[PDB]
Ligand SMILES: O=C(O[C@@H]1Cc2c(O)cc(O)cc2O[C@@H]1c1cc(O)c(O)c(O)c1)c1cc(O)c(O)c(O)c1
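What follows is a single chain, given as structure tokens, in the form deposited without the ligand.
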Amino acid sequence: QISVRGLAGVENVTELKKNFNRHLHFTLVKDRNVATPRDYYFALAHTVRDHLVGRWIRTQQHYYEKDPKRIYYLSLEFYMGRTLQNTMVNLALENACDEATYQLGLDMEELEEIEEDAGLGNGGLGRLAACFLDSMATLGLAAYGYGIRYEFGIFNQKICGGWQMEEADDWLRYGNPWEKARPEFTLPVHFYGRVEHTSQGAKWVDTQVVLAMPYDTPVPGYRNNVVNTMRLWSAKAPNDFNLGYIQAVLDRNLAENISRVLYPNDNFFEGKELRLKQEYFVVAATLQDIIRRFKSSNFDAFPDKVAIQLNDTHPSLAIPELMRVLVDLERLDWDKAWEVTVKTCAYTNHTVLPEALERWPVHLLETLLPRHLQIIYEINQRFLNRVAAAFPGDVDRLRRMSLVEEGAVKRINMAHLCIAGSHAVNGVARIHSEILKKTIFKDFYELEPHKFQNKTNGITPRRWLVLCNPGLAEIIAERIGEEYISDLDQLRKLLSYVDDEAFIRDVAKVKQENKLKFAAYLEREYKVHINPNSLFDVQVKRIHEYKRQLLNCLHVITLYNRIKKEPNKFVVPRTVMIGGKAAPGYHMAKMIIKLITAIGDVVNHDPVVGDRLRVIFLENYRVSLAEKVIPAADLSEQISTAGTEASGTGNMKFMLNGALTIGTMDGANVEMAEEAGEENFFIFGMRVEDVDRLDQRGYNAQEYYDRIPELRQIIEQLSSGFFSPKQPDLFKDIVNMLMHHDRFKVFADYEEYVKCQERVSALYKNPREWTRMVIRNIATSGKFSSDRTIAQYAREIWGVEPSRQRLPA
């Protein structure tokens, strides 16, 4: 059908159809008269997986023969989403499979919707891991993703009476055809026990053993015939475990609970034992695997052969575990072991929010990991000895830089451990990396300036353009060819088409097509009726006070009050769509969802409003819903308080897919505005410097309430029960926080946000100038490819050269 989906040759189609019917019979044990659409999906998944296998085996063999330096990406989260379409895209099989399924009287798009998301992540950090695996395979790096195979991923969100309800994400119920169990590479992980000091050094004894069973998932590069591995560990009890009889067998579940469920907190630390167990489990099993592979090629060459990247502090125990193995088991002396650890490990920091920083109570580590605590104390002593020698007399610096925090309960600062034990520390956007050097890690920067880098985040243009927006990919490919899909900088060639009438028409047509398709999706799957000629105002991301969905709520109520004030005046019609999950224990995030649905209940049923303003809560926001709504979006809301969003990656997905951005100078918004030009971006609100000035004199929200009549009216409506008639006080906690305890200064940005939103409506009234500004955004989105990000990690941290050369098929 469309060129970027590849060829449908007669031989390929015949062969796919034959293998589809072979899997339906032999694999699924079904004839055509009893097959459900789910059987058809599985037959196709098995058929496409077959094309991966040769390339996967040859790629792993190629890395054994060439023995390049190996990259180990350690994350507690991989937000993969669906695998079927992505595999077809990267193997150029999409048109052939479309043709093959069509000739069997099946619709491939209907079969694609049956696949469960692998929702093994919360949001940005988990999805960044997924984008990275894709870029590492596309750039031909010998890279392995290592994580946990959670039985239950991020919970399914149901809205019930406008409230979030959580259901278990039973994503493995029907089987996962993409994974291969490797029970033969099962490894022991130890917990509890105690330390004996012998003549021959320290001994970790009387431990409980949990087994780590690996599951391998193929990660195909973009048409380069490279297939890398994501290895996820599953917890299994040993068979002597507890071994009255019946209860001992049932108690095996205590050990297997380690890999049962993903902690659903985004940017919030919860010091739970089960979470520390998950962290050690993935680190212990992964480091044994790394060392085993290294010995099958003296530890001086280890850092020439191994890079370990830490996705935040979640796998920070990699540093003490590497020391423990090298000192206790391999009998290297401390200093040599430490040289090897630092040259091997690099640390990516993802937030400055202090509630997100991992600070593990010492009593937890003492009980669960007594040897690691000893090694952490030793690391701290030697580290503070270097601080004292560099800053003699600066006793306050010693307290601030300690890995050990004094107070009510002694805690380990896992970020301090990562900086001490890593040769490189990076933030995830330039403003974030500058804030790390100026504020939270200023002391560490003064000691070791050379360690601190920036690696601005990115997204894979395979999932986030070719896969989710084939219509846009195609009209681009018509003018500048297909090379941009693995070289996104080539999108700059589109700036020479900004005054081309045909290209303007095509860009606007694809947007309209995407909006019609998404409006229909809403009607079928959720019986809701939206005007597809309205501006699609989209804020999708986890529900958090710092992301200021509440600021968006204040704008929506302002538009409502303006319409009711002057019902017969023209306003640009908008559909305001807000979606995202709240962490189950985050009361305020749960109240914000309820406010969004309560506003919708008033706004969507007011006959005076008409189809001029619709407010929709998008339920169960996840990777597969992002692929549908982002190509449909006109306006991207990136409205975090300046200094709180380390980078963001949603911002980039929308820029790539033909939405204009309204945003603060926060995270990667700053670099996006710089790439496109400030004149092609709806920037508003306090900069970082303005927020600091407000903090010095003190944030008084009352001042804004007293001076802005439009704002006072909204707050009185919230308080009085305008939006909750049956429960007049329902939103008293929201009003109370906004007036007295707002860390994120929602009122301070209100006036400038509303005024900037008027400029958006004004430009939307002029379709041609809207579309020309969109072209200027798409054309400058190239920097925000994860291929650029990963090439920067490869050259400046890992010391390996990316390659775009094909392996032989």
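For every residue, the number given is its place in the sequence shown, counted from 1.
The form deposited with the ligand bound exists for this protein as well; it is not shown, and the discussion that follows is about that form.
Relative to the ligand in the entry with it bound, residues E110, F518 and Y521 are all within 4.5 Å by at least one heavy atom. Only one of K451, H555, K628, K594 lies close to the ligand in the entry with it bound, with a heavy atom inside 4.5 Å, and it is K628.
Though the ligand is absent from this view, in the entry with it bound it lies within 4.5 Å of a heavy atom of just one residue from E525, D304, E678, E167, which is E525. Just one listed stretch, out of 102-110, 722-730, 604-612, 685-693, contacts the ligand in the entry with it bound at the 4.5 Å heavy atom level, and that stretch is 102-110.
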